[PDB]
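Engineer: Handing you a structure now.
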Amino acid sequence: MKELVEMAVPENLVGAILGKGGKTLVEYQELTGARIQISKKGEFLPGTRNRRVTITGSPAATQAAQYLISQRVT
(Lines give C-alpha, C1' and ligand atoms only; values in the text may rest on other atoms or scores of the structure.)
Protein backbone atom coordinates (compact mmCIF):
# COMPACT_ATOMS: atom_id res chain seq x y z
CA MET A 1 0.00 0.00 0.00
CA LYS A 2 1.24 3.46 -1.04
CA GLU A 3 0.07 7.01 -0.29
CA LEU A 4 0.78 10.63 -1.13
CA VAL A 5 1.68 13.31 1.40
CA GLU A 6 1.55 16.99 0.45
CA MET A 7 3.24 19.62 2.63
CA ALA A 8 4.13 23.32 2.28
CA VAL A 9 7.61 24.73 2.31
CA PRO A 10 8.01 28.55 2.50
CA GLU A 11 9.81 29.84 -0.59
CA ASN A 12 12.63 31.36 1.47
CA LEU A 13 13.56 28.03 3.04
CA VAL A 14 13.31 25.75 -0.04
CA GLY A 15 17.01 26.20 -0.70
CA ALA A 16 17.33 24.37 2.59
CA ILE A 17 15.44 21.30 1.43
CA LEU A 18 17.32 20.99 -1.83
CA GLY A 19 20.57 21.65 0.00
CA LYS A 20 22.01 22.87 -3.32
CA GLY A 21 22.42 20.60 -6.34
CA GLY A 22 19.53 18.65 -4.90
CA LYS A 23 22.04 16.83 -2.72
CA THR A 24 19.77 16.70 0.34
CA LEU A 25 16.55 15.95 -1.56
CA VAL A 26 18.37 13.03 -3.23
CA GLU A 27 19.70 11.83 0.06
CA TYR A 28 16.31 11.98 1.78
CA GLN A 29 14.80 9.96 -1.03
CA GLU A 30 17.74 7.57 -0.83
CA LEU A 31 17.41 7.05 2.95
CA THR A 32 13.61 6.68 2.93
CA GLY A 33 12.67 5.04 -0.32
CA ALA A 34 10.04 7.77 -0.76
CA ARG A 35 9.85 9.79 -3.95
CA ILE A 36 9.97 13.53 -3.14
CA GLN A 37 9.10 16.37 -5.56
CA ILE A 38 8.91 20.15 -5.14
CA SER A 39 6.36 22.22 -7.06
CA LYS A 40 7.01 24.39 -10.08
CA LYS A 41 10.10 26.45 -9.45
CA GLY A 42 7.63 29.30 -9.96
CA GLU A 43 4.27 28.38 -8.42
CA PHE A 44 2.95 28.06 -4.91
CA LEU A 45 -0.02 26.94 -2.90
CA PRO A 46 -3.15 29.19 -2.25
CA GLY A 47 -2.64 32.81 -1.11
CA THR A 48 0.75 31.34 -0.55
CA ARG A 49 4.42 31.95 -1.23
CA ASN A 50 4.98 28.33 -0.03
CA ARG A 51 6.00 25.79 -2.55
CA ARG A 52 4.20 22.43 -2.46
CA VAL A 53 6.28 19.36 -1.77
CA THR A 54 4.80 15.98 -2.75
CA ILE A 55 6.06 12.79 -1.09
CA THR A 56 4.90 9.37 -2.24
CA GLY A 57 5.56 5.86 -1.01
CA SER A 58 4.58 3.53 1.83
CA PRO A 59 3.00 5.28 4.86
CA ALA A 60 6.23 4.72 6.87
CA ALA A 61 8.52 5.92 4.05
CA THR A 62 6.37 8.99 3.44
CA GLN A 63 6.27 9.86 7.10
CA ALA A 64 10.05 9.52 7.64
CA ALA A 65 10.69 11.80 4.62
CA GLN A 66 8.06 14.42 5.73
CA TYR A 67 9.64 14.35 9.20
CA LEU A 68 13.17 14.82 7.91
CA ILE A 69 12.07 17.72 5.69
CA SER A 70 10.17 19.27 8.61
CA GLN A 71 13.32 19.40 10.74
CA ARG A 72 14.86 21.67 8.09
CA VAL A 73 11.82 23.99 7.81
CA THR A 74 13.69 26.29 10.27
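Each chain in the C-alpha coordinates gets a letter, A, B, ..., in the order shown, and its residues are numbered from 1; ligands are numbered from 1 in order too.
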Tell me which protein, DNA and RNA residues are within 7 Å of region 23-33 of chain A, counting only C-alpha atoms, leaving out same-chain ones fewer than 4 positions away, and put them as a ChimeraX atom specification.

Structural biologist: /A:17-19,61,64-65

Engineer: Once you have the residues from the selection above, write them out as a PDB file, in the first residue's frame, restricted to N, CA, C and O atoms.

Structural biologist:
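Produced file selection09.pdb, reproduced below:
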```pdb
ATOM      1  N   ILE A  17      15.830  22.654   1.772  1.00  0.00           N
ATOM      2  CA  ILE A  17      15.441  21.296   1.432  1.00  0.00           C
ATOM      3  C   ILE A  17      16.340  20.730   0.354  1.00  0.00           C
ATOM      4  O   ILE A  17      16.911  19.659   0.526  1.00  0.00           O
ATOM      5  N   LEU A  18      16.465  21.440  -0.753  1.00  0.00           N
ATOM      6  CA  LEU A  18      17.324  20.995  -1.829  1.00  0.00           C
ATOM      7  C   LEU A  18      18.739  20.786  -1.288  1.00  0.00           C
ATOM      8  O   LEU A  18      19.370  19.751  -1.524  1.00  0.00           O
ATOM      9  N   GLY A  19      19.225  21.762  -0.535  1.00  0.00           N
ATOM     10  CA  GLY A  19      20.568  21.652   0.000  1.00  0.00           C
ATOM     11  C   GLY A  19      21.609  22.066  -1.029  1.00  0.00           C
ATOM     12  O   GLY A  19      22.810  22.057  -0.742  1.00  0.00           O
ATOM     13  N   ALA A  61       7.482   5.225   4.832  1.00  0.00           N
ATOM     14  CA  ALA A  61       8.524   5.920   4.053  1.00  0.00           C
ATOM     15  C   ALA A  61       8.147   7.405   3.950  1.00  0.00           C
ATOM     16  O   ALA A  61       8.951   8.306   4.247  1.00  0.00           O
ATOM     17  N   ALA A  64       8.647   9.281   7.260  1.00  0.00           N
ATOM     18  CA  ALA A  64      10.045   9.524   7.639  1.00  0.00           C
ATOM     19  C   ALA A  64      10.590  10.691   6.777  1.00  0.00           C
ATOM     20  O   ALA A  64      11.347  11.556   7.248  1.00  0.00           O
ATOM     21  N   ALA A  65      10.209  10.723   5.502  1.00  0.00           N
ATOM     22  CA  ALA A  65      10.695  11.804   4.617  1.00  0.00           C
ATOM     23  C   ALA A  65      10.061  13.140   5.027  1.00  0.00           C
ATOM     24  O   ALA A  65      10.770  14.139   5.107  1.00  0.00           O
TER      25      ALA A  65
END
```

Engineer: Show which residues sit within 9 Å of region 36-49 of chain A, as JSON, numbers by chain. Count only C-alpha atoms, and ignore same-chain residues fewer than 3 positions away.

Structural biologist: {"A": [8, 9, 10, 11, 12, 14, 25, 26, 28, 29, 52, 53, 54, 55, 56, 62, 65]}

Engineer: What's the 8 Å shell around residue 2 (chain A), counting only C-alpha atoms, without same-chain residues fewer than 3 positions away, as a list in words?

Structural biologist: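 Contacts, in chain order: residues 56, 57, 58 and 59 of chain A.
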
Engineer: Would you save the residues from that selection as an mmCIF file, in the first residue's frame, using N, CA, C and O atoms?

Structural biologist:
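Once written, selection.cif looks like this:
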```cif
data_model
loop_
_atom_site.group_PDB
_atom_site.id
_atom_site.type_symbol
_atom_site.label_atom_id
_atom_site.label_comp_id
_atom_site.auth_asym_id
_atom_site.auth_seq_id
_atom_site.Cartn_x
_atom_site.Cartn_y
_atom_site.Cartn_z
ATOM 1 N N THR A 56 5.699 10.572 -2.027
ATOM 2 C CA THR A 56 4.897 9.371 -2.237
ATOM 3 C C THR A 56 5.673 8.124 -1.875
ATOM 4 O O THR A 56 6.904 8.084 -1.979
ATOM 5 N N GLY A 57 4.936 7.113 -1.404
ATOM 6 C CA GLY A 57 5.564 5.857 -1.014
ATOM 7 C C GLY A 57 4.723 5.135 0.017
ATOM 8 O O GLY A 57 3.528 5.377 0.123
ATOM 9 N N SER A 58 5.335 4.242 0.793
ATOM 10 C CA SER A 58 4.577 3.529 1.832
ATOM 11 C C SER A 58 4.241 4.564 2.926
ATOM 12 O O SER A 58 4.815 5.657 2.955
ATOM 13 N N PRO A 59 3.272 4.266 3.808
ATOM 14 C CA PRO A 59 2.998 5.277 4.857
ATOM 15 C C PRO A 59 4.281 5.558 5.696
ATOM 16 O O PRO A 59 4.577 6.697 6.007
#
```

Engineer: What does the distance between CA of residue 1 (chain A) and CA of residue 51 (chain A) come to in Å, to one decimal place?

Structural biologist: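 Separation of CA of residue 1 (chain A) and CA of residue 51 (chain A): 26.6 Å.
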
Engineer: Got a sec to tell me which of chain A DSSP assigns to alpha helix (DSSP H), as a ChimeraX atom specification?

Structural biologist: /A:14-18,23-32,59-71

Engineer: As number ranges by chain, please: every residue in chain A that a backbone DSSP assignment puts in strand (DSSP E or B).

Structural biologist: A: 3-10, 35-38, 50-57

Engineer: Output N, CA, C and O atoms for every residue in that selection, as an mmCIF file, in the first residue's frame.

Structural biologist:
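selection-v3.cif was written with the following content:
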```cif
data_model
loop_
_atom_site.group_PDB
_atom_site.id
_atom_site.type_symbol
_atom_site.label_atom_id
_atom_site.label_comp_id
_atom_site.auth_asym_id
_atom_site.auth_seq_id
_atom_site.Cartn_x
_atom_site.Cartn_y
_atom_site.Cartn_z
ATOM 1 N N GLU A 3 0.855 5.840 -0.498
ATOM 2 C CA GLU A 3 0.069 7.014 -0.291
ATOM 3 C C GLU A 3 0.853 8.225 -0.789
ATOM 4 O O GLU A 3 2.017 8.120 -1.214
ATOM 5 N N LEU A 4 0.187 9.367 -0.727
ATOM 6 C CA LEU A 4 0.785 10.630 -1.130
ATOM 7 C C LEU A 4 0.643 11.638 0.013
ATOM 8 O O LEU A 4 -0.466 11.787 0.608
ATOM 9 N N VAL A 5 1.749 12.300 0.350
ATOM 10 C CA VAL A 5 1.680 13.312 1.404
ATOM 11 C C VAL A 5 1.992 14.652 0.709
ATOM 12 O O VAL A 5 2.903 14.738 -0.119
ATOM 13 N N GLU A 6 1.249 15.691 1.038
ATOM 14 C CA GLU A 6 1.546 16.987 0.447
ATOM 15 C C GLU A 6 1.781 17.950 1.602
ATOM 16 O O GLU A 6 0.960 18.012 2.516
ATOM 17 N N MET A 7 2.912 18.657 1.582
ATOM 18 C CA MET A 7 3.237 19.623 2.630
ATOM 19 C C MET A 7 3.739 20.922 1.956
ATOM 20 O O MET A 7 4.105 20.942 0.759
ATOM 21 N N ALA A 8 3.758 21.988 2.742
ATOM 22 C CA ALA A 8 4.135 23.317 2.281
ATOM 23 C C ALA A 8 5.515 23.680 2.755
ATOM 24 O O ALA A 8 5.896 23.349 3.887
ATOM 25 N N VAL A 9 6.289 24.326 1.896
ATOM 26 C CA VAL A 9 7.614 24.733 2.313
ATOM 27 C C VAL A 9 7.783 26.189 1.858
ATOM 28 O O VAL A 9 7.823 26.476 0.670
ATOM 29 N N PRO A 10 7.849 27.122 2.818
ATOM 30 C CA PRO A 10 8.015 28.546 2.503
ATOM 31 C C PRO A 10 9.105 28.738 1.441
ATOM 32 O O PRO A 10 10.127 28.054 1.443
ATOM 33 N N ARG A 35 9.586 8.886 -2.837
ATOM 34 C CA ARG A 35 9.851 9.785 -3.948
ATOM 35 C C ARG A 35 9.434 11.151 -3.411
ATOM 36 O O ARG A 35 8.378 11.262 -2.794
ATOM 37 N N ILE A 36 10.258 12.178 -3.630
ATOM 38 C CA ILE A 36 9.968 13.532 -3.144
ATOM 39 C C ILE A 36 10.080 14.520 -4.310
ATOM 40 O O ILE A 36 11.080 14.506 -5.018
ATOM 41 N N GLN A 37 9.083 15.398 -4.478
ATOM 42 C CA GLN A 37 9.099 16.366 -5.561
ATOM 43 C C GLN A 37 8.679 17.744 -5.060
ATOM 44 O O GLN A 37 7.853 17.838 -4.175
ATOM 45 N N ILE A 38 9.283 18.811 -5.580
ATOM 46 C CA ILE A 38 8.910 20.147 -5.138
ATOM 47 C C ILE A 38 8.211 20.798 -6.325
ATOM 48 O O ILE A 38 8.611 20.590 -7.462
ATOM 49 N N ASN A 50 4.425 29.619 -0.482
ATOM 50 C CA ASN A 50 4.979 28.333 -0.030
ATOM 51 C C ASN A 50 4.959 27.397 -1.204
ATOM 52 O O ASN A 50 3.952 27.295 -1.881
ATOM 53 N N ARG A 51 6.052 26.709 -1.468
ATOM 54 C CA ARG A 51 6.000 25.793 -2.552
ATOM 55 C C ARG A 51 5.381 24.507 -1.973
ATOM 56 O O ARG A 51 5.334 24.298 -0.755
ATOM 57 N N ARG A 52 4.847 23.682 -2.855
ATOM 58 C CA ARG A 52 4.196 22.434 -2.460
ATOM 59 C C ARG A 52 5.184 21.308 -2.611
ATOM 60 O O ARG A 52 5.839 21.196 -3.644
ATOM 61 N N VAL A 53 5.337 20.471 -1.603
ATOM 62 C CA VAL A 53 6.281 19.363 -1.774
ATOM 63 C C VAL A 53 5.408 18.092 -1.740
ATOM 64 O O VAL A 53 4.535 17.950 -0.892
ATOM 65 N N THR A 54 5.605 17.204 -2.692
ATOM 66 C CA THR A 54 4.802 15.984 -2.747
ATOM 67 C C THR A 54 5.699 14.797 -2.442
ATOM 68 O O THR A 54 6.758 14.666 -3.048
ATOM 69 N N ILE A 55 5.274 13.956 -1.495
ATOM 70 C CA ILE A 55 6.059 12.792 -1.091
ATOM 71 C C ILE A 55 5.194 11.551 -1.308
ATOM 72 O O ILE A 55 4.097 11.490 -0.778
ATOM 73 N N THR A 56 5.699 10.572 -2.027
ATOM 74 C CA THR A 56 4.897 9.371 -2.237
ATOM 75 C C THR A 56 5.673 8.124 -1.875
ATOM 76 O O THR A 56 6.904 8.084 -1.979
ATOM 77 N N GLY A 57 4.936 7.113 -1.404
ATOM 78 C CA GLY A 57 5.564 5.857 -1.014
ATOM 79 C C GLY A 57 4.723 5.135 0.017
ATOM 80 O O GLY A 57 3.528 5.377 0.123
#
```
